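Read the numbers this way: they start at 1 and go in the same order the structure lists the ligands and their atoms. Every chain is numbered from 1 and lettered A, B, ... according to where its sequence line falls, protein lines coming before strand lines. Computed over heavy atoms, backbone and side chain alike; hydrogens, waters and symmetry mates excluded.
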Amino acid sequence: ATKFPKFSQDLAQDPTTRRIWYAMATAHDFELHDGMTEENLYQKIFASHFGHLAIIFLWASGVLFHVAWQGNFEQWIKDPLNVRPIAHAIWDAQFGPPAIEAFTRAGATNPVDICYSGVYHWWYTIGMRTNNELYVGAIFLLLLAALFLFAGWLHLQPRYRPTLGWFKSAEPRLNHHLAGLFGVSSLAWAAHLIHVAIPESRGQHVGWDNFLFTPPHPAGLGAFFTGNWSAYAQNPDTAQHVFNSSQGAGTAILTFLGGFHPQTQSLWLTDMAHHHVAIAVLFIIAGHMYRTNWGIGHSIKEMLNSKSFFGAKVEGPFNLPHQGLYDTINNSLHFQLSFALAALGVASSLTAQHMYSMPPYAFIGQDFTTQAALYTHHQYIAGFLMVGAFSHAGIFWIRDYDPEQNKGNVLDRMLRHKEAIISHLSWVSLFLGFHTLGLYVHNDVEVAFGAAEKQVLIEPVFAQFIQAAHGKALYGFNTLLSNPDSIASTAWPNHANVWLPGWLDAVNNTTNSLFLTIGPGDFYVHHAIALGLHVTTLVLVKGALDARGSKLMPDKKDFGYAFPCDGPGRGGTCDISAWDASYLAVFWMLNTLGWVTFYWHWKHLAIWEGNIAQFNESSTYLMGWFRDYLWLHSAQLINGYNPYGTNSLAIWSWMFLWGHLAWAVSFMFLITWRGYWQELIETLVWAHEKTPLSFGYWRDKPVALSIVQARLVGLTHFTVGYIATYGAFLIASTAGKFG
Amino acid sequence: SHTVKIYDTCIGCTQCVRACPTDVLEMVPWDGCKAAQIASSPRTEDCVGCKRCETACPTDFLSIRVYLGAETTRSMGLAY
Amino acid sequence: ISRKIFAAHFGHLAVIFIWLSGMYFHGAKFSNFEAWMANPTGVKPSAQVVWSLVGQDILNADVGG
Amino acid sequence: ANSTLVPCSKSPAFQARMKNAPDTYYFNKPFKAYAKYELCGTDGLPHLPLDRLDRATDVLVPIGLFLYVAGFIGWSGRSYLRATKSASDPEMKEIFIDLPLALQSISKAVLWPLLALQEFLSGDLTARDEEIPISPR
Amino acid sequence: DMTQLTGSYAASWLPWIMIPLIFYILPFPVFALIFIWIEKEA
Amino acid sequence: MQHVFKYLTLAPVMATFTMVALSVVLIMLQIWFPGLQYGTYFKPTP
Amino acid sequence: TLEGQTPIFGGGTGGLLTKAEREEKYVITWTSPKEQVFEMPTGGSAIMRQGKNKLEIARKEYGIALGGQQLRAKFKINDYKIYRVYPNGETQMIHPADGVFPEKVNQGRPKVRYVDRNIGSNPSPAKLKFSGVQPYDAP
Amino acid sequence: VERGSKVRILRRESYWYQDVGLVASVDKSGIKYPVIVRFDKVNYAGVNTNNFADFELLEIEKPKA
Amino acid sequence: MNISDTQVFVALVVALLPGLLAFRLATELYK
Amino acid sequence: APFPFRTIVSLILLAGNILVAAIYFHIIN
Ligand code: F6C
Ligand code: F6C
Ligand code: CLA
Ligand code: CLA
Ligand code: CLA
Ligand code: CLA
Ligand SMILES: CC1=C(/C=C/C(C)=C/C=C/C(C)=C\C=C\C=C(C)\C=C\C=C(C)\C=C\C2=C(C)CCCC2(C)C)C(C)(C)CCC1
Ligand code: SF4
């Protein structure tokens with residue numbers, strides 16, 4: 001036996017190469033480690049979280065340091081709309097002179113990458129101006145990462161290891177994370193915006209050397225304590241304000257103008273300052289809801305176990321049995337992880353959907369490639385987070401759920417009508433797929449036969465009505481905010497719609513992405529998105545709810561979350577575990593996010609080209625997507641290098657192929673299965689044993705990858721190829737035609 | 001090694017023992033079924049995990065269950 | 001088994017003969033074979049003609065002759 | 001009211017498409033019908049809106065017709081399956097269609113909405129939850 | 001000139017030395033360290 | 001002869017007959033009334 | 001020592017490997033009424049002798065397959081024994097363990113790994129958290 | 001239960017859980033699962049018979065006559 | 001005007017502290 | 001069973017949907 005892995009004697013005694021592979025695959029599955037107790041589990045998780053925070057801080061510090069060292073931040077400040085931000089320098093000693101010339105650009109005298117993460121715009125908005133400030137921020141983040149690493153080490157020492165009760169105390173953690181982690185952090189960010197960001201945007205330098213004696217507002221803090229809060233909203237930035245200058249600049253620190261700054265085409269800094277102030281107040285209030293040490297406050301266990309509604313006998317909240325759930329969540333780390341992953345996925349989706357339509361950073365809405373990259377990035381991350389939420393829901397079902405302590409509650413009811421849930425999800429998926437695909441191919445056939453007028457073109461009237469209700473007067477509707485006489489627009493009792501003028505100006509501006517005009521193609525692609533969402537949810541939910549067992553495998557819970565199969569008996573049981581359901585659902589998540597990002601990218605490409613009619617007329621049939629989106633926009637990408645030379649897109653050209661390679665490799669791991677490779681490996685073992693001069697000999701017997709390992713490796717190759725190919729295409733097709 | 005467990009629903013049909021390619025199972029005297037015998041797994045060290053025994057088992061649900069565990073040289077079926 | 005092989009081979013030969021008959025009949029009835037024979041280098045061979053019900057008659061390419 | 005859709009007979013793009021269309025069976029009368037009855041977008045192609053109280057029959061007739069036909073097929077199949085349950089060999093009744101039984105099922109399913117309502121009211125439409133095979137939780 | 005890798009940033013020799021070190025000098029010793037780690041008898 | 005009748009009631013044969021009949025009905029509808037669209041069914045020709 | 005004459009076999013590539021000399025090996029012995037052709041477990045055909053035959057094999061499954069699907073089923077030979085041989089020379093007869101074939105019930109055999117319940121009564125894994133016991137091993 | 005009785009299966013892990021079977025025979029010895037039940041539908045292994053105890057069955061229709 | 005040689009060297013020296021602390025944390029977690 | 005709580009919640013949600021549709025159909029403003 002080997003020392004490695006330290007956490008599993010079963011793997012340590014494995015005499016094959018599998019021992020290594022599984023050692024990497026189960027290293028962070030702490031609950032299955034040998035002799036693991038709950039307290040040790042929680043303490044190790046605490047230290048690991050400290051390490052992950054340190055890693056995040058080091059990553060941010062590295063981004064800042066490389067921008068300050070090899071970027072062009074100060075040059076980009078003077079002309080954000082025409083200067084390409086620089087990510088970092090290129091040192092690839094096997095470049096040729098054509099590649100060196102092609103990658104020497106953006107005002108640099110050496111090969112550089114063009115930043116597409118938007119960090120230049122973000123740092124510009126928050127008031128950073130010089131490379132020295134970025135360097136100081138990088139040093140500070142290095143020190144912060146060091147502090148968190150030391151904290152992780154310290155909270156593993158015998159005196160500082162928290163007890164299990166400390167980890168299980170939910171109410172104080174909620175109070176501190178609502179009032180302090182969310183509220184106080186938001187208040188401090190609003191303070192940074194008011195004291196630093198806004199003065200810097202008004203041409204006034206505020207730093208550590210002078211922020212103590214430079215008040216952010218002429219009225220001072222006296223106006224706050226005397227109740228004269230309106231003084232903070234007086235004299236806002238004029239519509240002729242020039243960013244990073246005092247020309248047309250007001251003195252207000254907390255306005256509620258709404259809409260966009262006319263020049264930067266982004267949200268007002270004072271608007272975001274007031275936003276974070278209000279958010280901080282709300283979260284600090286929310287952080288006092290639960291009882292910790294002073295009697296006052298709700299008890300979550302009492303709320304979940306309550307059975308009386310002001311005297312009347314109810315079975316629970318909304319007359320639904322919620323009893324016993326407090327112990328279910330409080331004892332299941334996977335349940336909490338499922339909620340956390342689902343919340344983070346929804347938050348990432350909202351981030352993507354709200355930053356492109358309401359850009360928060362100066363001029364970032366005019367950096368088309370950056371916009372596309374950020375949207376695609378956060379949408380794909382959201383999809384992965386949703387997949388993880390449901391995977392850990394299934395893990396909870398198998399490992400942490402017991403029917404006895406959840407007898408008769410709402411979770412048990414869901415487990416009892418899982419069949420109806422899954423069948424109705426399947427019906428929704430079938431209806432959406434059948435009708436969406438049928439209408440798409442009907443339009444395909446009609447357009448192919450020279451009968452484009454015979455297409456079924458269903459108008460998205462409900463979403464158009466919502467847009468009109470939000471103030472979009474293009475459609476001719478006269479409802480709510482698009483009707484100036486409506487009670488919604490006037491707000492008759494109080495007329496406090498100080499947001500409405502700017503909001504309407506932003507909505508009806510034709511040069512932004514705020515409520516883009518939508519037609520039949522948008523209708524069809526949203527229904528395709530709904531189909532993808534419902535099928536991915538069906539796969540994940542069917543896996544989670546059947547994780548404990550089914551008719552084919554009644555005793556699945558006794559086999560764990562991830563096992564290959566139950567053999568060829570009973571008809572065959574390939575891909576029967578809930579892990580296999582998550583594996584299958586990753587494919588559908590990738591497909592759905594591909595549809596979503598294809599739609600976003602093609603619509604915005606049509607808008608940026610000035611050829612919105614192309615999308616409007618071609619998105620209603622799938623040949624339009626295949627020809628006018630993929631084939632039409634692949635030309636510059638695939639001409640990054642050719643027999644006539646190379647340009648700056650060459651890297652993307654290579655990566656575009658690289659992804660297609662990785663994707664292809666995935667098929668090998670996904671189509672061919674283990675026994676073939678095991679027999680081939682046996683033949684190779686014979687060959688090696690019978691060949692002279694080959695003094696090497698395996699210390700771990702070479703074996704084919706396991707079934708589950710093969711599925712995981714194939715999925716990893718598939719996803720990596722997917723991401724690399726689409727990212728290369730996105731960057732090349734947007735940057736190759738624009739800045 | 002893998003774990004092979006026999007439950008009290010066994011009817012002593014001896015099919016799992018006949019189907020085993022490494023002689024993990026045998027038939028032992030019993031009184032819980034009409035056949036007066038039950039399957040046993042004294043030699044789970046030789047179990048490769050093929051699950052032919054489960055395929056052969058006629059009861060519902062299975063009277064014999066194989067749980068794949070720590071992999072050894074003979075459990076992976078390695079001739080090298 | 002061998003008798004089954006022999007009979008099935010006869011059946012497949014019948015299928016192939018039906019296919020060849022179809023090719024010859026379509027080249028005799030629904031083609032431009034005579035026009036192509038007149039002008040081999042300036043006429044595209046064509047032996048399939050579609051009906052006109054759902055706009056698929058657009059597939060009736062101008063094949064010359 | 002909706003202003004981004006106009007009648008196809010008043011859309012210049014639709015008129016251009018109509019004029020440039022081939023003169024065959026597939027275009028003349030269909031284009032006249034679209035001009036008289038359809039609403040067109042700025043692209044000149046007919047669009048189907050669901051924001052009009054008027055022409056509500058244009059929405060209800062196709063939906064109702066399809067729902068009737070689909071319910072007819074479903075009720076025929078369901079009644080045939082329920083009639084074959086009492087037979088000795090229902091699987092053989094499923095690979096071999098019983099013509100009298102299928103004809104009777106189709107004739108009854110001609111009036112499928114009333115039969116479905118009667119079955120739902122009498123509790124005969126659905127089987128009880130405890131009488132349906134399910135998997136362990 | 002654009003016939004060679006250069007750097008106008010401070011200490012442009014740092015990539016010159018660090019790219020070889022991280023990518024084709026140290027990685028094989030690191031793999032050797034990991035291989036010794038994962039093959040040690042108990 | 002009754003064996004041939006029983007064969008004609010086979011599920012594949014009946015499915016083929018039904019599909020052919022429905023396809024013929026739809027094809028004749030296309031031939032007689034080409035270009036029917038939602039919002040146009042059961043309306044007189046202008 | 002194990003006695004018997006090896007079957008006629010000109011050599012093959014599916015024979016023993018380093019595992020035979022390093023870890024373990026198996027030997028199947030039997031008696032046939034006549035010299036006849038059989039199939040080696042790892043490919044090729046061999047000729048079992050008139051008398052008592054001894055064959056070395058890399059895995060126990062090879063011997064089980066040869067004894068069951070060929071010796072008993074095809075050649076009506078029922079006296080084959082499978083021994084496990086270690087590099088130090090230790091030899092133990094492993095099949096049949098007690099002289100009676102496992103499929104036939106024999107007195108004195110104890111119940112091994114028997115669970116006194118139906119498979120559906122295994123406890124949920126949540127009950128056995130951090131105890132190290134599997135649901136099928138629970139009492 | 002007895003021979004000819006119609007029963008509903010109560011064994012959760014059974015393929016025929018909450019399904020209906022027909023009793024074929026009952027063993028009068030002291031074995032754990034004496035009742036033999038036959039089903040119209042085969043399970044995933046193609047088997048249509050199984051042994052159950054009395055407490056795992058619910059009598060739903062007495063034997064004829 | 002990007003950072004100078006001295007700033008890069010100071011950042012390199014400073015990064016040693018998180019490196020050593022990360023090594024300490026990793027070795028402590030391995031226990 | 002008439003399902004009182006279920007049908008009351010369902011009717012409230014349906015009334016909300018009908019009100020939104022009435023606004024959407026220009027029946028009310
Ligand atoms: C160790 C030792 C050893 C040895 C000696 O000693 C050997 C040898 C042999 C002979 C006999 C033969 C011939 C050769 C050739 O041509 O091919 C190869 C190539 C190469 C290049 C290989 C390589 C070689 C060596 C390894 C060298 C090393 C050196 C380095 C540089 C080190 C480095 C270190 C650092 C740290 C990184 C072979 C082979 C085969 N392999 Mg084989 N090996 C081994 C290893 C290994 C591993 C790990 C794996 C996994 C990946 C495999 C794989 C494989 C396959 C698939 C196959 C095939 O097919 C082949 C055959 O069979 O035929 C027939 N195998 N190989
Ligand atoms: C879902 C999805 C979908 C939809 C929904 O919506 C549809 C619809 C449509 C409409 C609108 C029209 C007409 C209507 C009528 O007919 O009317 C009369 C009748 C009545 C009124 C009534 C009738 C009734 C019946 C007879 C009953 C029965 C039925 C059955 C059951 C069905 C089943 C059977 C089977 C099929 C055999 C049409 C048509 C077209 N299509 Mg189209 N689709 C689709 C699909 C598809 C696909 C896949 C493809 C490819 C193949 C295509 C193709 C095509 C072509 C070529 C053409 C043409 O010519 C046409 C026209 O012109 O346009 C305008 N698409 N579309
Ligand atoms: C904060 C988020 C979070 C956390 C704490 C966890 C934590 C956990 N997950 Mg989980 N998961 C998450 C998000 C998260 N996950 C998401 C978003 C998904 C959807 C993709 C999943 C999908 C998932 C599955 C399907 C499974 C887990 C499992 C586990 C547990 C064991 C981890 C393991 O296998 O060892 C560590 C594992 C690895 C290090 C995997 C290797 C890396 C993979 C192959 C990605 C490929 C790397 C890629 C090329 C580059 C990435 C960057 C590089 C630096 C690695 C552990 C409790 C497993 C479990 O509980 O077993 C029963 C399990 O089966 N999770
Ligand atoms: C192009 C690729 C593709 C397509 C079309 C589908 C289609 C489908 N998948 Mg799927 N899948 C795919 C790739 C694909 N998958 C891959 C690569 C994976 C990863 C392994 C999965 C994993 C996966 C899972 C895990 C699940 C699905 C599900 C589904 C179904 C849900 C959608 C639906 O009902 O729409 C309606 C159906 C369709 C659009 C299918 C096409 C219907 C055709 C066009 C009708 C034509 C009829 C015509 C007469 C045929 C001509 C005759 C011919 C027989 C000779 C559907 C059948 C889910 C499911 O079954 O839920 C119901 C489900 O659970 N799939
Ligand atoms: C016999 C008629 C019949 C009826 C009444 C139903 C009814 C139902 N099916 Mg269903 N189904 C049928 C046949 C039928 N099915 C067949 C033959 C198949 C195999 C292709 C399926 C496959 C199927 C799936 C995969 C799903 C359903 C679902 C459903 C439910 C909602 C969706 C729906 O209405 O149909 C949906 C119908 C389809 C998806 C395709 C059916 C179309 C076939 C070709 C109709 C065949 C008619 C038959 C040949 C008539 C012969 C009768 C004659 C002898 C008199 C509903 C209870 C869904 C569900 O569980 O929702 C809760 C679901 O996920 N069905
Ligand atoms: C996570 C942060 C991060 C990342 C991804 C990068 C990325 C890069 N750096 Mg870099 N760097 C960083 C932080 C970072 N830097 C910091 C904080 C410093 C100051 C000490 C430097 C100083 C630096 C120099 C001097 C040079 C680079 C260079 C490079 C490039 C080649 C790699 C190399 O030689 O590394 C060199 C790395 C170092 C000298 C020290 C890196 C210190 C960081 C903090 C380590 C981070 C470890 C990470 C968080 C743990 C990973 C965990 C794992 C599971 C993934 C590459 C673009 C080279 C370049 O520009 O080529 C063109 C180059 O010559 N870097
Ligand atoms: C107004 C309108 C609309 C809407 C609508 C809606 C929204 C609806 C809803 C609906 C719903 C919400 C429904 C529900 C349902 C439920 C249930 C529960 C059902 C059931 C059913 C059944 C049971 C059936 C049966 C049968 C029959 C009767 C026949 C055939 C066979 C069968 C058996 C299948 C739209 C826009 C679209 C269009 C226009 C008009
Ligand atoms: S899994 Fe295979 S080797 Fe193990 S006892 Fe069952 S039949 Fe024998």
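- For atom 37 (C) of ligand 4, the nearest protein heavy atom lies closer than 4.0 Å.
- From the protein, the heavy atom lying nearest to atom 44 (C) of ligand 4 is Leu437(A) CD2, 3.9 Å.
- Counting only heavy atoms of the protein, atom 31 (C) of ligand 4 lies nearest to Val535(A) CG2, 4.0 Å.
- When distances from atom 25 (C) of ligand 4 to the protein are checked, a heavy atom turns up under 4.0 Å.
- The closest protein non-hydrogen atom to atom 33 (C) of ligand 4 is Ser429(A) O, 3.5 Å.
- In this structure, the protein non-hydrogen atom closest to atom 18 (C) of ligand 4 is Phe587(A) CB, 4.5 Å.
- For atom 29 (C) of ligand 4, the closest non-hydrogen atom on the protein side is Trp588(A) CZ2, 4.2 Å.
- At a distance under 4.0 Å, no protein heavy atom can be found next to atom 35 (C) of ligand 7.
- In terms of protein heavy atoms, atom 63 (C) of ligand 4 is closest to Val539(A) CG2, 4.1 Å.
- When distances from atom 60 (O) of ligand 4 to the protein are checked, no heavy atom turns up under 4.0 Å.
- The aromatic rings of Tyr67(B) and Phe559(A) sit tilted relative to each other, their planes meeting at an angle between 30° and 60°.
- In this structure, atom 49 (C) of ligand 4 has its sub-4.0 angstrom surroundings free of protein heavy atoms.
- Atoms of ligand 7 found under 4.0 Å from any heavy atom of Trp112(D), numbered from 1 in the order shown, are 28 (C), 29 (C).
- Ranking protein heavy atoms by distance to atom 40 (C) of ligand 4, first place goes to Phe434(A) CE2, 4.8 Å.
- In summary, the side chains of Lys418(A) and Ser135(D) do present a donor paired with an acceptor at a separation below 3.5 Å, with no hydrogens or angles considered.
- With hydrogens and angles ignored, the 3.5 Å screen pairs no side-chain donor or acceptor of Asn591(A) with any backbone N or O of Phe587(A).
- There is no side-chain donor-acceptor pair under 3.5 Å between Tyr583(A) and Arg711(A).
- In this structure, atom 5 (C) of ligand 4 has its sub-4.0 angstrom surroundings free of protein heavy atoms.
- In this structure, atom 13 (C) of ligand 4 has no protein heavy-atom contact shorter than 4.0 Å.
- In this structure, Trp663(A) has its ring center closer than 6.0 angstrom to the ring center of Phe718(A).
- Judged as a side-chain hydrogen bond (donor to acceptor under 3.5 Å, both in side chains), the pairs with a partner in residues 53-69 of chain D (not counting sequence neighbours) are, in order, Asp58(D)-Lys43(F).
- At the shortest separation from atom 32 (C) of ligand 7 among protein heavy atoms lies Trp75(D) CE3, 4.9 Å.
- Within 4.0 Å of atom 20 (C) of ligand 4, at least one protein heavy atom is present.
- At the top of the distance list for atom 35 (O) of ligand 4, counting protein heavy atoms only, stands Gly433(A) CA, 3.2 Å.
- Among protein atoms, those of element N, O or S found less than 2.8 Å away from atom 4 (Fe) of ligand 8 are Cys47(B) SG.
- Taken from CZ in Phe598(A) to CH2 in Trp625(A), the straight-line distance is 9.0 Å, to the nearest 0.5 Å.
- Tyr599(A) and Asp522(A) share a side-chain donor-acceptor pair at under 3.5 Å.
- The two residues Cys16(B) and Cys53(B) have their closest heavy-atom pair at CB-CB, 3.7 Å.
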